[PDB]
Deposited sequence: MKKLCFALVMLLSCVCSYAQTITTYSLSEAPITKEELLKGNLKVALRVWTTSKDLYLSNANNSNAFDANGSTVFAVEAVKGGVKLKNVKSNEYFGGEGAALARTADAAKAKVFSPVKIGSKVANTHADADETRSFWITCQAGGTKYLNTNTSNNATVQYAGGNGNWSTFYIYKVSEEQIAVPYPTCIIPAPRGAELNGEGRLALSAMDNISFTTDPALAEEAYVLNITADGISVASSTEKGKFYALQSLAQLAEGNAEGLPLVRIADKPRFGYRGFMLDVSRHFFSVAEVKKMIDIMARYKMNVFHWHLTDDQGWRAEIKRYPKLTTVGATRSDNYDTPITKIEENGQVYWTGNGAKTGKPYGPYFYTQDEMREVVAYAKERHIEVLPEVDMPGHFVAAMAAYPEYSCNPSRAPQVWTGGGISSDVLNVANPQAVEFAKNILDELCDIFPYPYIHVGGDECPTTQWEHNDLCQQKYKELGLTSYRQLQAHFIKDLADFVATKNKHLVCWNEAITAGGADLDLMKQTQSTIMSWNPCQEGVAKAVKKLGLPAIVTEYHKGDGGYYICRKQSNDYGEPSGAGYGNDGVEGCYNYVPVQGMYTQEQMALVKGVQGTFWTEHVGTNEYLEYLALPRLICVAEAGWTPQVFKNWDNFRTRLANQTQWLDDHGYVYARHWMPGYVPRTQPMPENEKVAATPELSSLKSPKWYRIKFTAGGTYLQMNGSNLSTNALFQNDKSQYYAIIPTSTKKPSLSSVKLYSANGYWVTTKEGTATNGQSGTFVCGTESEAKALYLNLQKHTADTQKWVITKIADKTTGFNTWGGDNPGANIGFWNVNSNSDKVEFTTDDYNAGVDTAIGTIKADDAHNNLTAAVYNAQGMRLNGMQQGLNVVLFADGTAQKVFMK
């Protein structure tokens, strides 16, 4: 019973045993020079040693398919992320077109062995993802996690076979992505005068806070890591709105520079935008969207467009001198005409765009099609009609169910947090992002699901996992498992038995399910 239920599966009679007292050998089949054969196997074999001791190397002739037990053939008519894992008491044929394909094939397999290793039955496991957008996303804007950890959230992304990591480098409360034509944004941005966050009543804890941020070559480590677990990474930077961080520390552009701005210690909404009506406030942006590109080789940048009042535009007579230029009378639509510019100007050296889906809110006919919404408030109805039906791709961070960063149970010693019990685990794979979705184009413009985390009240390792886990999985199963074979009754079960992991490798995890 492997995980993120396989598309299609079979059983067969009486079981193999790896044999590693001597071995259970390799047989990767070259082509696609190295790439994903031996190579992304070499980090296999090593899988790990500490369980059993792999012991594969070659002792004999790894590379003859004739007494070869675990053969790594290529049949390049296989789709990319798709694998075909035969398990017999002779060995383990694993086919795959693209290393991505083949990476997963030994994931399932692993978990087919004992929950540790040595002792599988027989099976055939054709399996492939509904969505290649099975997403996460980490609010590292209100907070830094250390990388020991950041890594330890890609760790899981892996188990349950998601690929992208999306990254919240910047919101008001701090900025956490080093731009070197603008060190300040990180030296002052990234710093703040408090651990915590208000939110009307809650106070701050007037105690300084930092590790500031992530120097460029603390990215290029990260943005590397993933690739061997094929986790591509949307850089995001809430633009221009959620920018107190990057305004207090470069206000001259702003919409009142004379006015004493500073990093934020509470939460919720800021209005404090990047005066997007002054052709240097722009450059500022445009020169950021340079820096990213380089460090992030993934062909999207996530730009936000979310919940940004126009407050300081209305009364800014640059950003109402432009609003005659542009040629229209909806003043959301700098957010059109600021984002416009991001596209065609990052379409002359190469990269695309994503956004939150409030940015619909204008005549979202000003930008481009060719732009890839990521909605949450009215979920289904959000990536529906002026996104799919006007040919804009789209994701669906179901606010409901899939913000796996809301209190997961109303119990009376669950820590603080927002919620109302209304997000538990009977509630978060049940949440159906295929609620009568006509396929016309609306499932070749839907790209998939993504299980964000929002930090305000939540800021240490323990408790984020305690919240995160298990729900992460649910967003990741649905993500992968196709909506024909999707009922829980036997989800619970299989996924009690993935806590013995969360244990071994020192993951905190809820339990609610678990006896």
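**Q** Missing CA coverage against the deposited sequence, listed in sequence order.
**A** Sequence ranges with no C-alpha atoms are 1-128, 175-186, 336-348, 521-524, 554-557, 677-901.
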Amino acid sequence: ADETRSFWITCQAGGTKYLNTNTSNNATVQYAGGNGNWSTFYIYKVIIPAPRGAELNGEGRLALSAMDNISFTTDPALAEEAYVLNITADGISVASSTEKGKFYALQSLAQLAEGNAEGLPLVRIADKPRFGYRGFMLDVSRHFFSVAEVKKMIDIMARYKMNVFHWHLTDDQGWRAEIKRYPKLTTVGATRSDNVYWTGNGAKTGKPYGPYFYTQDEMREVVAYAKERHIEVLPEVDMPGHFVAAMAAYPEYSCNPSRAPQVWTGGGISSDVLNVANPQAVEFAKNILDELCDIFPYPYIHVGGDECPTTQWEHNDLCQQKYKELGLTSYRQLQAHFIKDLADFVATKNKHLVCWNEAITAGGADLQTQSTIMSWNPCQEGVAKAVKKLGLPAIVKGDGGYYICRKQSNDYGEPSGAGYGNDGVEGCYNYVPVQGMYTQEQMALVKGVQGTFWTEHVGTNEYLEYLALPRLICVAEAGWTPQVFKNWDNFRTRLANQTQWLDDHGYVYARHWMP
From here on, numbers count along this sequence of modelled residues.
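**Q** Mind pulling up the entry and telling me whether 470-478 or 50-58 has the higher mean Cα temperature factor?
**A** For C-alpha atoms only, the mean B-factor is higher in 50-58.
**Q** Please work out which of 204-212 and 97-105 has the higher mean CA B-factor as recorded in the PDB entry.
**A** Looking at the record's C-alpha B-factors, the answer is 204-212.
**Q** I'd like to know which of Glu283, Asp90, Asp172, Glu80 has the highest C-alpha temperature factor in the PDB entry.
**A** Of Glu283, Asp90, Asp172, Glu80, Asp90 has the highest C-alpha B-factor.
**Q** By the entry's C-alpha temperature factors, tell me which of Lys128, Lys407, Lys161, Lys152 sits highest.
**A** Within the set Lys128, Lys407, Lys161, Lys152, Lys152 shows the top C-alpha B-factor.
**Q** Among all modelled residues of this chain, ranked by Cα B factor, put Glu414 in the bottom, middle or top third, i.e. lowest, middle or highest.
**A** According to the entry, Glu414 has a C-alpha B-factor in the chain's highest third.
**Q** Looking at the entry's B-factor column for C-alpha atoms only, identify whether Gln442 ranks in the lowest, middle or highest third of its chain.
**A** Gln442: CA B-factor falls in the middle third of its chain.
**Q** Which third of the chain holds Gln262 when residues are ordered by C-alpha B factor: lowest, middle or highest?
**A** For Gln262, whose C-alpha B-factor we compare with every modelled residue in the chain, the answer is the middle third.
**Q** Ranked by Cα temperature factor within the chain, is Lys388 in the lowest third, the middle third or the highest third?
**A** Tercile = middle for this residue's CA B-factor.
**Q** What third of its chain's C-alpha B-factors does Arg494 belong to: lowest, middle or highest?
**A** As the PDB entry reports it, the C-alpha B-factor of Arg494 lands in the middle third of its chain.
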